[PDB]
Amino acid sequence: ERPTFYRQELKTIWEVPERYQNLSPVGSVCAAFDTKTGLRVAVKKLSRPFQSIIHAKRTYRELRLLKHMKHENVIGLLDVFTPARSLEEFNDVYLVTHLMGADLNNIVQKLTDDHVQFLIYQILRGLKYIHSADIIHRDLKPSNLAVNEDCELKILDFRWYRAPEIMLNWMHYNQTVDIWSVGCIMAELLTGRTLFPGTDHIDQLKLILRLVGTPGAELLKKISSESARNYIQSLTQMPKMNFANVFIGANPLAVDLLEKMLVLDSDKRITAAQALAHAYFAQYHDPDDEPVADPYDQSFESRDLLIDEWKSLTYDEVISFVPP
């Protein structure tokens with residue numbers, strides 16, 4: 001049976017099941033109390049969800065993704081509703097997720113090594129799942145990582161932390177773009193400072209290469225553009241620094257892990273699954289409690305449909321939603 005909804009203004013009018021109380025603003029988002037569960041939640045009212053073909057497809061994309069994610073370290077979907085009673089009336093979409101405490105920016109007085117391990121382990125646990133569904137986050141950074149009091153972490157959403165190959169539009173990449181990002185995050189947790197605080201994309205790459213070294217003949221062989229090759233090999237040859245002397249006093253196993261994540265060639269970069277079995281995580285790792293995802297069907301991405309069809313497909317997804 002359909003809940004009872006009530007209506008309220010806070011620019012626009014919000015129409016939500018009565019189980020959600022004390023909406024205070026934070027599309028646009030309100031913090032809410034979910035009376036059914038006692039949880040504090042975030043209710044997002046999508047703005048303009050079907051204004052165009054692009055809006056519609058993005059609406060469908062976000063809803064499908066959030067429905068797929070079912071993992072402790074990844075934001076999932078608590079509820080999705082519409083005030084509409086039919087496809088005819090369907091104009092509004094609300095998403096309900098866990099209201100998350102801080103993010104990792106708020107946390108950045110250093111963190112102990114034990115606590116760095118705990119945070120990074122959880123990110124890698126979430127990333128192993130996301131990547132096992134063939135999804136690449138692409139923009140992992142402190143503001144996309146929320147923690148509660150217990151300091152339990154969830155990945156949300158989906159340029160100091162971007163892999164150089166994602167930064168530079170290179171088609172030679174894989175899911176370990178996210179692993180570069182984790183390396184930058186982990187480093188900043190150990191030292192209190194941004195690893196690569198570039199001013200523009202050039203300054204950023206110069207800071208990266210200063211630490212990792214200019215590409216070696218082997219990586220140069222994977223570069224298909226002559227102007228790109230000529231560009232690279234014209235730069236002054238930086239040799240790979242030793243990380244120990246950049247992360248002084250850090251746990252030697254953290255430093256070793258950093259050297260494996262912060263590798264320019266992504267075919268050689270450590271993966272989320274490999275990183276979880278690294279000794280640095282010995283107190284937290286458990287290979288029977290690092291679950292993987294169902295395969296995630298992104299064929300919709302290649303389709304060009306009418307507005308009314310993306311709208312209908314979205315409505316289908318609302319209707320079939322099953323809560324946790």
# chains A, B, ... in the order shown; residues from 1 in each chain; ligands from 1
>>> select_by_dssp(residues="stretch 105-311 of chain A", states="alpha helix (DSSP H)", output="ChimeraX atom specification")
/A:105-107,113-132,164-167,177-191,201-212,217-220,226-234,252-261,272-276,307-311
>>> residues_around(residues="residue A:107", least_positions_apart="2", cutoff="12 Å", atoms="only C-alpha atoms", output="ChimeraX atom specification")
/A:101-105,109-111,115-116,119,142-143,145-149,151,185,188-190,192
>>> write_last_selection(atoms="N, CA, C and O atoms", output="mmCIF file, in the first residue's frame")
data_model
loop_
_atom_site.group_PDB
_atom_site.id
_atom_site.type_symbol
_atom_site.label_atom_id
_atom_site.label_comp_id
_atom_site.auth_asym_id
_atom_site.auth_seq_id
_atom_site.Cartn_x
_atom_site.Cartn_y
_atom_site.Cartn_z
ATOM 1 N N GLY A 101 27.966 11.388 8.868
ATOM 2 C CA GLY A 101 28.606 12.345 9.784
ATOM 3 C C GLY A 101 29.503 13.358 9.082
ATOM 4 O O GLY A 101 29.020 14.275 8.400
ATOM 5 N N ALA A 102 30.816 13.190 9.248
ATOM 6 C CA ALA A 102 31.789 14.048 8.603
ATOM 7 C C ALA A 102 32.161 13.442 7.250
ATOM 8 O O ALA A 102 31.585 12.440 6.820
ATOM 9 N N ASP A 103 33.089 14.095 6.565
ATOM 10 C CA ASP A 103 33.833 13.453 5.498
ATOM 11 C C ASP A 103 35.306 13.461 5.914
ATOM 12 O O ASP A 103 35.657 13.991 6.978
ATOM 13 N N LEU A 104 36.165 12.878 5.093
ATOM 14 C CA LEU A 104 37.580 12.835 5.413
ATOM 15 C C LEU A 104 38.344 14.172 5.375
ATOM 16 O O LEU A 104 39.457 14.236 5.865
ATOM 17 N N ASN A 105 37.766 15.221 4.789
ATOM 18 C CA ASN A 105 38.352 16.565 4.900
ATOM 19 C C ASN A 105 38.340 17.079 6.351
ATOM 20 O O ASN A 105 39.384 17.500 6.883
ATOM 21 N N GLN A 109 47.184 17.888 13.907
ATOM 22 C CA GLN A 109 47.355 16.696 14.730
ATOM 23 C C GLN A 109 47.054 15.422 13.886
ATOM 24 O O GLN A 109 45.912 15.210 13.406
ATOM 25 N N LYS A 110 48.080 14.590 13.696
ATOM 26 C CA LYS A 110 47.979 13.486 12.738
ATOM 27 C C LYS A 110 47.110 12.336 13.246
ATOM 28 O O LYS A 110 46.719 12.275 14.433
ATOM 29 N N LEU A 111 46.799 11.434 12.321
ATOM 30 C CA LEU A 111 46.149 10.176 12.663
ATOM 31 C C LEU A 111 47.231 9.204 13.030
ATOM 32 O O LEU A 111 48.336 9.272 12.498
ATOM 33 N N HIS A 115 44.822 3.915 12.953
ATOM 34 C CA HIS A 115 43.674 4.557 12.410
ATOM 35 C C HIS A 115 43.788 4.800 10.885
ATOM 36 O O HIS A 115 42.807 4.601 10.193
ATOM 37 N N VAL A 116 44.952 5.221 10.386
ATOM 38 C CA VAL A 116 45.201 5.253 8.916
ATOM 39 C C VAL A 116 44.919 3.882 8.289
ATOM 40 O O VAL A 116 44.147 3.772 7.334
ATOM 41 N N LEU A 119 41.004 3.307 8.137
ATOM 42 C CA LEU A 119 40.376 4.093 7.082
ATOM 43 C C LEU A 119 40.725 3.578 5.675
ATOM 44 O O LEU A 119 39.827 3.360 4.868
ATOM 45 N N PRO A 142 38.976 13.111 -0.526
ATOM 46 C CA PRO A 142 38.462 13.141 0.846
ATOM 47 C C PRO A 142 36.993 13.524 0.998
ATOM 48 O O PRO A 142 36.294 12.945 1.830
ATOM 49 N N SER A 143 36.513 14.427 0.163
ATOM 50 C CA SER A 143 35.133 14.874 0.263
ATOM 51 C C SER A 143 34.077 13.827 -0.187
ATOM 52 O O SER A 143 32.860 14.012 0.046
ATOM 53 N N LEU A 145 34.277 10.632 0.833
ATOM 54 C CA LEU A 145 34.429 9.569 1.780
ATOM 55 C C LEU A 145 33.883 10.046 3.116
ATOM 56 O O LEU A 145 34.483 10.918 3.769
ATOM 57 N N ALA A 146 32.751 9.485 3.520
ATOM 58 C CA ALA A 146 32.110 9.874 4.757
ATOM 59 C C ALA A 146 32.336 8.831 5.837
ATOM 60 O O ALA A 146 32.427 7.636 5.573
ATOM 61 N N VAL A 147 32.433 9.312 7.062
ATOM 62 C CA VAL A 147 32.695 8.469 8.222
ATOM 63 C C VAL A 147 31.639 8.783 9.304
ATOM 64 O O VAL A 147 31.074 9.877 9.312
ATOM 65 N N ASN A 148 31.326 7.821 10.168
ATOM 66 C CA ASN A 148 30.496 8.129 11.340
ATOM 67 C C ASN A 148 31.387 8.355 12.570
ATOM 68 O O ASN A 148 32.596 8.587 12.422
ATOM 69 N N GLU A 149 30.791 8.304 13.767
ATOM 70 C CA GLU A 149 31.551 8.439 15.023
ATOM 71 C C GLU A 149 32.500 7.264 15.167
ATOM 72 O O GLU A 149 33.719 7.474 15.243
ATOM 73 N N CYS A 151 33.870 5.770 13.309
ATOM 74 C CA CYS A 151 34.797 5.970 12.188
ATOM 75 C C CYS A 151 34.690 4.893 11.092
ATOM 76 O O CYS A 151 35.656 4.534 10.415
ATOM 77 N N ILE A 185 45.383 9.971 -0.959
ATOM 78 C CA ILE A 185 44.617 10.102 0.278
ATOM 79 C C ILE A 185 45.399 9.521 1.464
ATOM 80 O O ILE A 185 45.573 10.174 2.515
ATOM 81 N N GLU A 188 48.304 11.738 2.542
ATOM 82 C CA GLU A 188 47.873 12.945 3.241
ATOM 83 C C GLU A 188 47.432 12.639 4.688
ATOM 84 O O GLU A 188 47.701 13.422 5.611
ATOM 85 N N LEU A 189 46.787 11.498 4.881
ATOM 86 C CA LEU A 189 46.575 10.939 6.230
ATOM 87 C C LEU A 189 47.853 10.698 7.060
ATOM 88 O O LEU A 189 47.832 10.896 8.257
ATOM 89 N N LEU A 190 48.943 10.264 6.435
ATOM 90 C CA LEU A 190 50.168 10.022 7.175
ATOM 91 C C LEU A 190 50.919 11.312 7.569
ATOM 92 O O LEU A 190 51.496 11.376 8.658
ATOM 93 N N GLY A 192 49.709 14.785 7.041
ATOM 94 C CA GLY A 192 48.930 15.990 7.270
ATOM 95 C C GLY A 192 48.894 16.974 6.106
ATOM 96 O O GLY A 192 48.103 17.930 6.141
#
>>> residues_around(residues="residue A:316", least_positions_apart="5", cutoff="12 Å", atoms="only C-alpha atoms", output="list in words")
residues 60, 63, 64, 80, 81, 82, 86, 87, 90, 309, 310, 311 and 321 of chain A
>>> write_last_selection(atoms="N, CA, C and O atoms", output="tab-separated table (two decimals), in the first residue's frame")
chain	number	residue	atom	x	y	z
A	60	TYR	N	18.09	8.22	-14.61
A	60	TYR	CA	18.03	6.77	-14.67
A	60	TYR	C	19.37	6.18	-14.21
A	60	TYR	O	19.42	5.23	-13.44
A	63	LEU	N	19.83	6.46	-10.27
A	63	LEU	CA	18.93	5.52	-9.63
A	63	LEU	C	19.37	4.07	-9.81
A	63	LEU	O	19.38	3.32	-8.84
A	64	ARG	N	19.75	3.69	-11.03
A	64	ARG	CA	20.19	2.28	-11.28
A	64	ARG	C	21.46	1.93	-10.47
A	64	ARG	O	21.54	0.87	-9.84
A	80	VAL	N	13.46	5.04	-2.21
A	80	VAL	CA	13.19	5.94	-3.32
A	80	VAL	C	11.69	6.05	-3.45
A	80	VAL	O	10.97	5.05	-3.42
A	81	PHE	N	11.19	7.29	-3.55
A	81	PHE	CA	9.75	7.46	-3.72
A	81	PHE	C	9.41	8.58	-4.69
A	81	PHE	O	10.25	9.41	-5.06
A	82	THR	N	8.14	8.59	-5.07
A	82	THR	CA	7.55	9.71	-5.79
A	82	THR	C	6.14	9.92	-5.22
A	82	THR	O	5.48	8.97	-4.89
A	86	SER	N	0.75	7.39	-10.73
A	86	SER	CA	0.77	6.73	-12.04
A	86	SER	C	1.97	7.26	-12.82
A	86	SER	O	2.54	8.31	-12.48
A	87	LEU	N	2.34	6.57	-13.90
A	87	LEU	CA	3.35	7.12	-14.81
A	87	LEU	C	2.92	8.50	-15.38
A	87	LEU	O	3.75	9.39	-15.58
A	90	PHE	N	3.94	11.26	-13.05
A	90	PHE	CA	5.28	11.07	-12.55
A	90	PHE	C	6.16	12.20	-12.99
A	90	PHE	O	6.50	12.28	-14.16
A	309	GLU	N	10.77	7.50	-22.72
A	309	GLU	CA	11.25	6.13	-22.44
A	309	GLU	C	12.22	6.06	-21.23
A	309	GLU	O	12.09	5.20	-20.40
A	310	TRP	N	13.20	6.97	-21.15
A	310	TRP	CA	14.03	7.07	-19.93
A	310	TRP	C	13.18	7.32	-18.70
A	310	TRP	O	13.46	6.79	-17.62
A	311	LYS	N	12.14	8.15	-18.86
A	311	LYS	CA	11.19	8.43	-17.78
A	311	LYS	C	10.43	7.17	-17.32
A	311	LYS	O	10.21	6.93	-16.11
A	321	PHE	N	11.64	-1.15	-6.56
A	321	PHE	CA	12.60	-1.01	-5.46
A	321	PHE	C	12.23	-1.87	-4.25
A	321	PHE	O	11.12	-1.77	-3.70
>>> select_by_dssp(residues="stretch 62-122 of chain A", states="strand (DSSP E)", output="PyMOL selection string")
chain A and resi 79-81+94-98+102-103
>>> atom_distance(atom1="atom CA of residue A:130", atom2="atom CA of residue A:280")
21.8 Å
>>> residues_around(residues="stretch 132-135 of chain A", least_positions_apart="5", cutoff="9 Å", atoms="only C-alpha atoms", output="PyMOL selection string")
chain A and resi 127+158+175+292-297
>>> closest_residue(among="A:272, A:281, A:12, A:46", to="residue A:58", atoms="only C-alpha atoms")
A:46
>>> residues_around(residues="residue A:213", least_positions_apart="4", cutoff="6 Å", atoms="only C-alpha atoms", output="ChimeraX atom specification")
/A:209,238-240
>>> write_last_selection(atoms="C-alpha atoms", output="compact mmCIF listing (two decimals), in the first residue's frame")
# COMPACT_ATOMS: atom_id res chain seq x y z
CA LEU A 209 56.88 13.21 -11.86
CA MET A 238 63.62 13.19 -13.01
CA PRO A 239 64.71 9.96 -11.31
CA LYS A 240 62.26 8.13 -9.00
>>> atom_distance(atom1="atom CA of residue A:59", atom2="atom CA of residue A:16")
18.6 Å
>>> residues_around(residues="residue A:263", least_positions_apart="3", cutoff="12 Å", atoms="only C-alpha atoms", output="PyMOL selection string")
chain A and resi 163-165+176-177+179-181+183-184+208-209+211-216+219+240-241+243+256-260+266-271
>>> write_last_selection(atoms="N, CA, C and O atoms", output="short mmCIF file (atom, residue, chain, number, x, y, z; two decimals), in the first residue's frame")
data_model
loop_
_atom_site.label_atom_id
_atom_site.label_comp_id
_atom_site.auth_asym_id
_atom_site.auth_seq_id
_atom_site.Cartn_x
_atom_site.Cartn_y
_atom_site.Cartn_z
N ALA A 163 44.28 10.39 -10.98
CA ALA A 163 45.40 9.72 -11.63
C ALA A 163 45.89 10.53 -12.81
O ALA A 163 45.08 11.21 -13.45
N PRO A 164 47.20 10.51 -13.07
CA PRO A 164 47.66 11.33 -14.19
C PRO A 164 47.01 10.92 -15.53
O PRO A 164 46.66 11.81 -16.34
N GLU A 165 46.79 9.63 -15.74
CA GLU A 165 46.17 9.20 -16.99
C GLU A 165 44.68 9.62 -17.17
O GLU A 165 44.21 9.79 -18.32
N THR A 176 42.47 0.95 -11.80
CA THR A 176 43.46 1.41 -10.81
C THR A 176 43.71 2.92 -10.88
O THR A 176 44.56 3.42 -10.14
N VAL A 177 42.95 3.66 -11.68
CA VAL A 177 42.88 5.10 -11.48
C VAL A 177 42.44 5.40 -10.05
O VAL A 177 42.95 6.34 -9.47
N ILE A 179 43.02 3.62 -7.43
CA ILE A 179 44.12 3.21 -6.56
C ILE A 179 45.16 4.32 -6.42
O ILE A 179 45.74 4.47 -5.35
N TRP A 180 45.41 5.06 -7.51
CA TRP A 180 46.26 6.27 -7.46
C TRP A 180 45.67 7.21 -6.45
O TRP A 180 46.40 7.73 -5.60
N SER A 181 44.37 7.44 -6.58
CA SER A 181 43.65 8.35 -5.69
C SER A 181 43.79 7.93 -4.23
O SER A 181 44.08 8.78 -3.36
N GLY A 183 46.23 6.18 -2.98
CA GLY A 183 47.61 6.50 -2.61
C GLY A 183 47.76 7.97 -2.16
O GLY A 183 48.41 8.27 -1.12
N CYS A 184 47.15 8.88 -2.90
CA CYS A 184 47.22 10.32 -2.53
C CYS A 184 46.53 10.62 -1.18
O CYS A 184 47.05 11.45 -0.37
N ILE A 208 53.95 15.36 -9.58
CA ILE A 208 53.89 13.91 -9.64
C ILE A 208 55.19 13.32 -10.14
O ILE A 208 55.74 12.36 -9.54
N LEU A 209 55.68 13.83 -11.26
CA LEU A 209 56.88 13.21 -11.86
C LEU A 209 58.13 13.40 -11.00
O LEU A 209 59.03 12.54 -10.98
N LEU A 211 58.23 13.12 -7.92
CA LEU A 211 58.23 12.03 -6.95
C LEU A 211 58.37 10.63 -7.57
O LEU A 211 59.13 9.78 -7.06
N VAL A 212 57.63 10.39 -8.66
CA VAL A 212 57.64 9.07 -9.29
C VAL A 212 58.70 8.91 -10.41
O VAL A 212 59.03 7.80 -10.78
N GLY A 213 59.25 10.02 -10.92
CA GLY A 213 60.23 9.93 -12.02
C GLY A 213 59.56 10.01 -13.39
O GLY A 213 58.40 9.66 -13.53
N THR A 214 60.29 10.51 -14.38
CA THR A 214 59.78 10.65 -15.74
C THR A 214 59.54 9.23 -16.30
O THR A 214 60.08 8.26 -15.79
N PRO A 215 58.65 9.08 -17.28
CA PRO A 215 58.39 7.71 -17.74
C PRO A 215 59.65 7.00 -18.26
O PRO A 215 60.46 7.63 -18.95
N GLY A 216 59.78 5.71 -17.91
CA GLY A 216 60.83 4.81 -18.38
C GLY A 216 60.52 4.22 -19.75
O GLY A 216 59.35 4.09 -20.13
N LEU A 219 57.38 2.38 -20.35
CA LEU A 219 56.08 3.04 -20.34
C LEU A 219 55.93 3.83 -21.65
O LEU A 219 54.84 3.84 -22.24
N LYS A 240 63.19 8.50 -10.07
CA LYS A 240 62.26 8.13 -9.00
C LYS A 240 62.89 8.44 -7.64
O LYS A 240 64.01 8.00 -7.36
N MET A 241 62.21 9.22 -6.82
CA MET A 241 62.69 9.47 -5.45
C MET A 241 62.49 8.21 -4.58
O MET A 241 61.84 7.23 -4.99
N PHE A 243 60.68 6.98 -1.40
CA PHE A 243 59.53 7.39 -0.62
C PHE A 243 59.83 7.51 0.88
O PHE A 243 59.36 8.45 1.53
N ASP A 256 55.99 1.06 1.72
CA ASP A 256 55.96 -0.01 0.72
C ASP A 256 54.64 -0.09 -0.07
O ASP A 256 54.67 -0.24 -1.30
N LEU A 257 53.50 -0.02 0.64
CA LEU A 257 52.19 0.05 0.00
C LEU A 257 52.05 1.29 -0.88
O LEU A 257 51.62 1.18 -2.04
N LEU A 258 52.47 2.45 -0.38
CA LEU A 258 52.45 3.67 -1.18
C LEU A 258 53.24 3.53 -2.48
O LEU A 258 52.80 3.99 -3.56
N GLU A 259 54.39 2.85 -2.41
CA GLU A 259 55.21 2.72 -3.61
C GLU A 259 54.50 1.85 -4.63
O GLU A 259 54.70 2.01 -5.81
N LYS A 260 53.66 0.94 -4.16
CA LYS A 260 52.92 0.07 -5.06
C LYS A 260 51.66 0.70 -5.70
O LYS A 260 51.26 0.32 -6.82
N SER A 266 49.85 2.06 -15.18
CA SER A 266 48.72 1.51 -14.50
C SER A 266 48.60 0.01 -14.66
O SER A 266 47.95 -0.63 -13.85
N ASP A 267 49.23 -0.56 -15.69
CA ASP A 267 49.31 -2.02 -15.80
C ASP A 267 50.11 -2.60 -14.62
O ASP A 267 50.00 -3.77 -14.31
N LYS A 268 50.95 -1.79 -14.01
CA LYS A 268 51.78 -2.28 -12.92
C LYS A 268 51.25 -1.85 -11.54
O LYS A 268 51.76 -2.28 -10.51
N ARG A 269 50.25 -0.97 -11.52
CA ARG A 269 49.71 -0.46 -10.24
C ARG A 269 49.02 -1.59 -9.47
O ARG A 269 48.33 -2.46 -10.07
N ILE A 270 49.24 -1.65 -8.15
CA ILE A 270 48.49 -2.59 -7.29
C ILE A 270 46.95 -2.44 -7.41
O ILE A 270 46.44 -1.30 -7.52
N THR A 271 46.21 -3.57 -7.38
CA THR A 271 44.74 -3.51 -7.48
C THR A 271 44.12 -3.48 -6.10
O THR A 271 44.81 -3.77 -5.14
#
>>> decode(residues="stretch 217-254 of chain A", atoms="C-alpha atoms", output="PDB file, in the first residue's frame")
ATOM      1  CA  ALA A 217      61.404   3.436 -21.892  1.00  0.00           C
ATOM      2  CA  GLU A 218      58.946   0.664 -21.088  1.00  0.00           C
ATOM      3  CA  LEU A 219      56.076   3.039 -20.337  1.00  0.00           C
ATOM      4  CA  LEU A 220      57.042   5.241 -23.357  1.00  0.00           C
ATOM      5  CA  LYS A 221      56.383   2.213 -25.553  1.00  0.00           C
ATOM      6  CA  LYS A 222      52.707   2.350 -24.594  1.00  0.00           C
ATOM      7  CA  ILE A 223      52.224   5.887 -25.856  1.00  0.00           C
ATOM      8  CA  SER A 224      50.621   6.043 -29.313  1.00  0.00           C
ATOM      9  CA  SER A 225      50.847   9.804 -30.050  1.00  0.00           C
ATOM     10  CA  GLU A 226      54.125  11.186 -31.369  1.00  0.00           C
ATOM     11  CA  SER A 227      53.468  14.691 -30.088  1.00  0.00           C
ATOM     12  CA  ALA A 228      52.754  13.190 -26.651  1.00  0.00           C
ATOM     13  CA  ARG A 229      55.957  11.100 -26.826  1.00  0.00           C
ATOM     14  CA  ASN A 230      58.011  14.121 -27.994  1.00  0.00           C
ATOM     15  CA  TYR A 231      56.507  16.220 -25.200  1.00  0.00           C
ATOM     16  CA  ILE A 232      57.364  13.710 -22.483  1.00  0.00           C
ATOM     17  CA  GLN A 233      60.940  12.991 -23.603  1.00  0.00           C
ATOM     18  CA  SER A 234      61.689  16.708 -23.976  1.00  0.00           C
ATOM     19  CA  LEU A 235      61.141  17.150 -20.193  1.00  0.00           C
ATOM     20  CA  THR A 236      64.170  17.034 -17.872  1.00  0.00           C
ATOM     21  CA  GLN A 237      64.701  13.497 -16.627  1.00  0.00           C
ATOM     22  CA  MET A 238      63.623  13.193 -13.006  1.00  0.00           C
ATOM     23  CA  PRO A 239      64.709   9.958 -11.312  1.00  0.00           C
ATOM     24  CA  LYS A 240      62.260   8.128  -9.005  1.00  0.00           C
ATOM     25  CA  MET A 241      62.691   9.469  -5.455  1.00  0.00           C
ATOM     26  CA  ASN A 242      62.818   7.158  -2.463  1.00  0.00           C
ATOM     27  CA  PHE A 243      59.530   7.387  -0.624  1.00  0.00           C
ATOM     28  CA  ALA A 244      61.061   6.644   2.813  1.00  0.00           C
ATOM     29  CA  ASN A 245      62.644  10.127   2.677  1.00  0.00           C
ATOM     30  CA  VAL A 246      59.328  11.795   1.872  1.00  0.00           C
ATOM     31  CA  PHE A 247      57.244   9.913   4.490  1.00  0.00           C
ATOM     32  CA  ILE A 248      59.762  10.058   7.357  1.00  0.00           C
ATOM     33  CA  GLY A 249      58.826   8.048  10.472  1.00  0.00           C
ATOM     34  CA  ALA A 250      55.902   6.312   8.719  1.00  0.00           C
ATOM     35  CA  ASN A 251      55.353   2.571   9.180  1.00  0.00           C
ATOM     36  CA  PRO A 252      57.685   0.854   6.669  1.00  0.00           C
ATOM     37  CA  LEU A 253      54.755  -1.281   5.370  1.00  0.00           C
ATOM     38  CA  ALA A 254      52.706   1.870   4.651  1.00  0.00           C
TER      39      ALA A 254
END
